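The opening position of the sequence shown corresponds to residue 420 in PDB author numbering, with each subsequent residue numbered one higher.
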Amino acid sequence: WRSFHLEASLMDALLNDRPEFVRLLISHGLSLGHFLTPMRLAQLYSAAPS
(Lines of atoms letter the chains of each structure in order from A and count residues from 1; the text may use other names and numbers.)
(Lines give C-alpha, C1' and ligand atoms only; values in the text may rest on other atoms or scores of the structure.)
Protein backbone atom coordinates (compact mmCIF):
# COMPACT_ATOMS: atom_id res chain seq x y z
CA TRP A 1 0.00 0.00 0.00
CA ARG A 2 1.15 3.52 -0.84
CA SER A 3 1.14 6.76 1.14
CA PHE A 4 -1.75 8.35 -0.77
CA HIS A 5 -3.85 5.18 -0.55
CA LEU A 6 -3.34 5.01 3.22
CA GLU A 7 -4.08 8.74 3.54
CA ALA A 8 -7.35 8.31 1.63
CA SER A 9 -8.25 5.30 3.77
CA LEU A 10 -7.65 7.39 6.90
CA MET A 11 -9.69 10.21 5.34
CA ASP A 12 -12.67 7.89 4.94
CA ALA A 13 -12.04 6.39 8.40
CA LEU A 14 -12.26 9.88 9.90
CA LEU A 15 -15.32 10.93 7.89
CA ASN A 16 -17.14 7.78 9.03
CA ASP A 17 -16.91 6.17 12.45
CA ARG A 18 -15.57 2.63 11.69
CA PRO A 19 -13.45 2.49 14.87
CA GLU A 20 -11.93 -0.90 14.02
CA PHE A 21 -10.70 0.45 10.68
CA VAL A 22 -9.32 3.51 12.46
CA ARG A 23 -7.56 1.29 15.00
CA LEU A 24 -5.96 -0.89 12.33
CA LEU A 25 -4.93 2.12 10.23
CA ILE A 26 -3.07 3.92 13.02
CA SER A 27 -1.70 0.61 14.34
CA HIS A 28 -0.13 -0.12 10.95
CA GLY A 29 1.39 3.37 10.93
CA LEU A 30 0.67 6.63 9.10
CA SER A 31 2.52 9.89 8.41
CA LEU A 32 0.72 12.25 10.84
CA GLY A 33 3.07 14.94 9.55
CA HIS A 34 1.63 15.40 6.06
CA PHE A 35 -1.90 14.21 6.95
CA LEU A 36 -2.69 17.42 8.89
CA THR A 37 -2.60 20.07 6.17
CA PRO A 38 -5.00 23.02 6.62
CA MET A 39 -7.11 21.89 3.64
CA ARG A 40 -7.56 18.47 5.25
CA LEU A 41 -8.39 20.14 8.57
CA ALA A 42 -10.96 22.14 6.60
CA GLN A 43 -12.82 19.13 5.22
CA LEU A 44 -12.61 17.44 8.62
CA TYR A 45 -14.30 20.48 10.17
CA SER A 46 -16.85 20.60 7.34
CA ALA A 47 -18.05 17.08 8.22
CA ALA A 48 -20.24 18.36 11.07
CA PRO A 49 -23.98 17.69 10.60
CA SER A 50 -26.10 20.62 9.49
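For every residue, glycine included, the Cβ atom is placed at its ideal position computed from N, Cα and C.
Closer than 7 Å by C-beta to residue i: which residues in its own chain qualify, once you throw out the five before and the five after it? Chain order, please.
i    : result
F454 : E426, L429
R421 : none
Please return the same chain residues whose Cβ sits closer than 6 Å to the Cβ of residue i, not counting the five positions on each side in sequence.
i    : result
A466 : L434
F440 : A432
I445 : none
Kindly indicate the opening and closing residues of the alpha helix (DSSP H) around residue i.
i    : result
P457 : 457-464
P438 : 438-447
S428 : 422-434
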